[PDB]
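Enquirer: Residue numbers (the entry's author numbering), protein chains in the order written: chain A, 1 to 105; chain A', 1 to 105. A prime marks a further copy of an entry chain.
Just so it is clear, CB atoms sit at the ideal spot from N, CA and C, and this is done for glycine as well.
Below you will find the structure I want to go over with you.
Number of protein chains: 2
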Amino acid sequence: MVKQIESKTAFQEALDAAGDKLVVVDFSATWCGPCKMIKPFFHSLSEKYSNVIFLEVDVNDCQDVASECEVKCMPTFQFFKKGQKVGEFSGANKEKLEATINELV
Amino acid sequence: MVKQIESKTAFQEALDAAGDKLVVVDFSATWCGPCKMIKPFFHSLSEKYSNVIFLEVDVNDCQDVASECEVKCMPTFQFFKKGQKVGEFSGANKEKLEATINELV
């Protein structure tokens with residue numbers, strides 16, 4: 001299932017506890033049409049791939065995290081392995097999302 | 001100078017009162033780095049071109065306007081003439097912003 005992040009402390013701790021697993025973060029906004037469109041698919045991925053950690057961050061709720069990760073489009077998916085960003089793209093493209101996960105896992 | 005929009009009613013009325021003038025709308029978010037970076041230049045344009053109307057809309061303040069204009073990146077500049085959208089692009093590119101205004105005015 002998807003973990004809801006509500007502070008910078010929580011964001012950093014999740015990246016830590018992740019260990020060697022791939023982490024996928026969905027940066028979204030409640031008023032953005034695509035974001036709402038791709039939400040159910042994002043949750044399905046977390047049930048299919050149990051060896052990957054899925055996190056959700058509302059940019060309005062955590063303005064400090066959004067600003068530091070340099071987010072500028074919604075939704076933006078950022079990929080991390082061992083505390084480091086190893087991938088990134090924006091837009092609600094289902095095929096590309098899953099294809100990227102298979103490349104980095 | 002730049003007009004701050006704080007409701008959908010105000011947005012529609014400005015587009016109306018505009019008459020035959022070109023309208024440039026800056027869709028932004030307070031936490032987005034580029035947005036803050038290009039703000040002073042956007043205001044300078046409103047003092048240079050007095051025959052063009054410049055409007056600013058915070059996407060968090062007017063979620064209904066952002067959603068209907070289908071905004072997905074920040075900042076997004078949308079151009080309107082006689083109630084119709086005649087141009088659009090996103091990103092803080094100063095040259096492109098001014099060059100577009102000279103093409104549509």
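Taking C-beta pairs closer than 7 Å, name the residues in chain A' that A/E70 reaches, listed in chain order.
Expert: In the first sequence, the residue the question calls residue 70 of chain A occupies position 70. Correct list: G33.
Enquirer: Note the first and the last residue of the continuous beta strand (DSSP E) segment covering A'/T30.
Expert: On the second sequence, residue 30 of chain A' is found 30 positions in, with the first residue counted as 1. Looking at the DSSP string, A'/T30 is not in any beta strand (DSSP E), and its letter there is neither H nor E.
Enquirer: Based on DSSP bridge pairs, tell me the residues matched to A/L22.
Expert: The residue labelled residue 22 of chain A in the question sits at position 22 within the first sequence. Looking at the DSSP assignment, A/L22 forms a beta bridge with A/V52.
Enquirer: Does A/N93 come within less than 8 Å of chain A' when only Cβ atoms are used?
Expert: Within the first sequence, numbered from 1, the residue matching residue 93 of chain A stands at position 93. A/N93 does not count as touching chain A'.
Enquirer: Compute the beta-carbon to beta-carbon distance between A'/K72 and A/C73, rounded to the nearest angstrom, for a pair I have assumed lies under 8 Å.
Expert: In the second sequence, the residue the question calls residue 72 of chain A' occupies position 72. In the first sequence, the residue the question calls residue 73 of chain A occupies position 73. Indeed, because the Cβ distance is near 6 Å, the residues count as touching under 8 Å.
Enquirer: Taking all protein chains shown into account, decide if A/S44 is buried (16 or more other Cβ within 10 angstroms of its Cβ) or exposed.
Expert: Residue mapping note: residue 44 of chain A aligns to position 44 of the first sequence, counting from 1. A/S44 is exposed by the Cβ-count criterion.
Enquirer: What are the boundary residues of the beta strand (DSSP E) that includes A'/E88?
Expert: Locating residue 88 of chain A' in the second sequence gives position 88, where the first residue counts as 1. Looking at the DSSP string, the run of the beta strand (DSSP E) that includes A'/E88 is 84-90.
Enquirer: Could you compute how far the alpha carbon of A'/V86 sits from the alpha carbon of A/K21?
Expert: Against the second sequence, residue 86 of chain A' aligns to sequence position 86. Against the first sequence, residue 21 of chain A aligns to sequence position 21. Roughly 47 Å separates the two Cα atoms.
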